[PDB]
Amino acid sequence: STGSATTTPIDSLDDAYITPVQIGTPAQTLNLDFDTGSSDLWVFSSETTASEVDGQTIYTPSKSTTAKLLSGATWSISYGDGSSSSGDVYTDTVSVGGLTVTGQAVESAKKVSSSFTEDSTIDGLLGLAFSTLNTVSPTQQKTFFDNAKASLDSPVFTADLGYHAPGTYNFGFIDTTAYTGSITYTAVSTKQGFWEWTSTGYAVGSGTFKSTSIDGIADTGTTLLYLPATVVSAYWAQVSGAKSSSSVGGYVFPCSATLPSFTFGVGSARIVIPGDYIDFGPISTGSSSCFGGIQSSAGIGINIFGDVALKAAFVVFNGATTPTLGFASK
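When we follow PDB author numbering, the leftmost residue of the sequence shown carries the number 1, and every step to the right adds one.
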């Protein structure tokens, strides 16, 4: 089997992407944030505290003939950005782009933090990291990908995120028309539960490539590119007037600037992030100070190849017995 679904930016800045997902019988379609940095599939639901729902589409398990309470199971998650959610668990039929999993754990939110309530466009998350990170207790549950894997033509999914435009998540096949050149594959460590890999270096604009190992994660659920302070300082030093602002919470730059590109290494290959991808607009409405899309990972504890980086590439998440990651230009 295979699946193919379009993923769409939630706003003009590409802050996140939503992909329609069919849950239950008859289908209830919810727009979920596919997150390769977490491993829970959770939804706003009929069980969510009413004051914490503001415009989201909810899953109502009582209206699904295939929903079954997973007795005694609870979940609770806290994300890197400080947001959180928790609740109970059903199993139900879940389909993405024509690919169907029966008996998928669908984690029903009883509580969500303010940032989720405040974002009316995201109806929940669909985790695509390794199932060892799944938070369901007392019986940990598998991701959608893990459940689908054996049925897929090939045990892979791909992320093809757009810049200010829709893109695609494919399951079970590699669309050879979706990228240019060849795909370069690189080793993954699953020891922390993430799609963790090591970039071979970077360049700023038309500058020379610096060979240096950068260990990080491929995370579709994180907006920006978070790299070591040394790398980030080298980037922003090429932008007149750019500075790190403790009050804003990272590097800002004059909105009048033209940003240089940023290149990262994948083995001997190179992915170029155009400068415009690094512009996240005014810090507040009407400001001429703009927020940068490359930020320091210092004190996160890990480097994060988030959407800013991933949307510059066609990315293969290879879930073979020994997982790997592939990157191509596009």
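Ideal Cβ positions, reconstructed from N, Cα and C, are used throughout, including at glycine.
Short Cβ contact (7 Å threshold) for residue i with residue j
i           : j      : result
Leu30       : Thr19  : no
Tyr179      : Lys330 : yes
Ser46       : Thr60  : yes
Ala229      : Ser296 : yes
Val272      : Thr263 : yes
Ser261      : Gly326 : no
residue 351 : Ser189 : Past the edges of the chain, shown from 1 to 330, lies residue 351, and the structure says nothing about it.
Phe253      : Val231 : no
Delimiting residues of the beta strand (DSSP E) encompassing residue i
i      : result
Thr186 : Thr184 to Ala187
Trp42  : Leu41 to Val43
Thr168 : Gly167 to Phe171
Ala159 : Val156 to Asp160
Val21  : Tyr17 to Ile23
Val89  : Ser84 to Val96
Residue range of the unbroken alpha helix (DSSP H) whose run includes residue i
i      : result
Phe144 : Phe144 to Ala148
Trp197 : That residue, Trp197, is in no alpha helix (DSSP H); its beta strand (DSSP E) goes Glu196 to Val204.
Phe116 : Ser114 to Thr117
Pick from the options that is closest to residue i, judged by C-alpha positions
i      : options                          : result
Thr222 : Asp14, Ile273 and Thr57          : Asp14
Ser131 : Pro254, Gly250, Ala148 and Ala27 : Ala148
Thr8   : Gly205, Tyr163 and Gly319        : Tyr163
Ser108 : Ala242, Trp75, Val308 and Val239 : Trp75
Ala313 : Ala320, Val96 and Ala328         : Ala328
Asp40  : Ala50, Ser95 and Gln140          : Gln140
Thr321 : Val204, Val252 and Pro155        : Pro155
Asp153 : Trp197, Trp42, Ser95 and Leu99   : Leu99
Assigned secondary structure, residue i (DSSP; H/G/I helix, E/B strand, else coil)
i      : result
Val53  : coil
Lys243 : strand
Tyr235 : helix
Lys191 : coil
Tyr179 : coil
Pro61  : helix
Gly249 : coil
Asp14  : coil
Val308 : helix
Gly124 : strand
Inset, instruction - Check whether the segment 279-294 touches the segment 163-175, taking contact to mean three or more Cβ pairs, one atom from each stretch, closer than 8 Å. - result: Too few Cβ pairs lie closer than 8 Å, so no.
> Would you call the segment 21-28 and the segment 51-67 in contact, with 3 or more CB pairs under 8 Å?
Replying inline: Yes, since at least three Cβ pairs between the segment 21-28 and the segment 51-67 fall closer than 8 Å, the two stretches touch.
Check your understanding: Are the segment 179-190 and the segment 1-12 touching, with three or more C-beta to C-beta distances below 8 Å?
Key -> Because the criterion of three Cβ pairs below 8 Å is not met, the segment 179-190 and the segment 1-12 do not touch.
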